[PDB]
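Presented below, as structure tokens, is a lone chain in the form deposited in one PDB entry.
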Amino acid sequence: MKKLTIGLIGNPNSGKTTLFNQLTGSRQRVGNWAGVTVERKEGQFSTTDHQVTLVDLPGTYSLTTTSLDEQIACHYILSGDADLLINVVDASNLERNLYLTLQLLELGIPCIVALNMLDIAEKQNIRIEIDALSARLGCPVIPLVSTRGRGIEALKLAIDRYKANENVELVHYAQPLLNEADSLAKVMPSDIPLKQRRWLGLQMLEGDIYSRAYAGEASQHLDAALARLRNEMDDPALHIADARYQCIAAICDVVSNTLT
């Protein structure tokens, strides 16, 4: 029977392991990711409507390439096996944790954010405006309330309702970066979704070596693209990164408040 396949992804020590264990109970298996020694855990659970296979991805700060854990995560996410992702986000380290989230959203893969460590955040005098965050991300943000399994039940509701992320304005990259990324995208393997081709383009311009492997013929055009960009601006690779952090910072200014 065909399952609904969900990738579980987050930063190291984000609560992702405990969530995995809570969802799957005894219904889990362990092996290794193909060709490496890194453990691959997956398990099963059900919602009202769906039988789910949950694949636990290694903890990572980003999808950018350098730990195996990060390339494994990226490779799975680009493989297209998952129908959606649950992104476990530490509320007590929101700004840091959102770097990964933004990468997932830019790839356009359907996401649900599971917001964890709400107790820690409160104790650090931080309240998160959950709907304000969901609005800026374009995806559901579910608070993982521990009391009486409420968070888990809300997460399962969200799974039964999962949909494409909204086309919110996210990172606002300089137009030359977008132009060059799109020209690379045009050359890449046609069967790769356009969003992902464009993301790959930007990763290659940032200097991500692994992204080149996906990009087929595009990799031959990257030096010419970088030459143009270097003429147009100071440190194009840093402009890519700075756009991302600016975006995150602007979200967090609204969403994360003092509790006092």
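Residue indices: 1-based, along the sequence shown. Heads up, when I say rigid core I mean the largest set of C-alphas that superpose within 1.5 Å between the two forms.
Omission of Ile209 is seen in none of the other entries compared for this protein where the adjacent residues are built, far below a third.
In the other compared entries of this protein that model both flanking residues, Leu54 has coordinates in every one, well short of a third left out. According to the entry, the deposited sequence has 4 to 9 residues without coordinates between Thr65 and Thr66.
Two stretches are in play, 122-130 and 94-102, and the higher mean C-alpha B-factor belongs to 122-130. Comparing C-alpha B-factors across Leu226, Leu200, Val52, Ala218 in the deposited entry, the largest value falls on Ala218. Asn167 sits in the middle third of its chain by CA B factor, as recorded in the PDB entry. Compared with the other modelled residues of the chain, the Cα B-factor recorded for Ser183 ranks in the middle third. The PDB entry assigns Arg29 a C-alpha temperature factor belonging to the highest third of its chain's modelled residues.
For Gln44, the recorded CA temperature factor ranks within the middle third of the chain's modelled residues. Per the PDB record, residue ranking by Cα B-factor puts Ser211 in the lowest third of the chain.
Below, we refer to the form solved in complex with a small molecule, which is not included among the displayed structures.
A heavy atom within 4.5 Å of the small molecule in the entry with it bound is found for one listed residue only; from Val171, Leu94, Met188, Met117, this is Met117. Using a 4.5 angstroms limit between non-hydrogen atoms, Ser146 touches the small molecule in the entry with it bound. Put simply, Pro12 is close to the small molecule in the entry with it bound: some heavy atom of it is within 4.5 Å. In the entry with it bound, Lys16 approaches the small molecule with a heavy atom inside 4.5 Å.
For the chain shown alone, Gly43 is not a contact residue for the small molecule in the entry with it bound, no non-hydrogen atom being within 4.5 angstroms. Here the chain stands alone, but in the entry with it bound its contact with the small molecule, taken as any heavy atom within 4.5 Å, falls in 109-117 among 70-78, 130-138, 178-186, 109-117. Relative to the superposed core, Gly149 undergoes a Cα shift of 2 Å or more between the shown form and the other one. Compared with the form shown, the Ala121-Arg148 C-alpha separation decreases in the entry with it bound, the change being 3 Å or greater.
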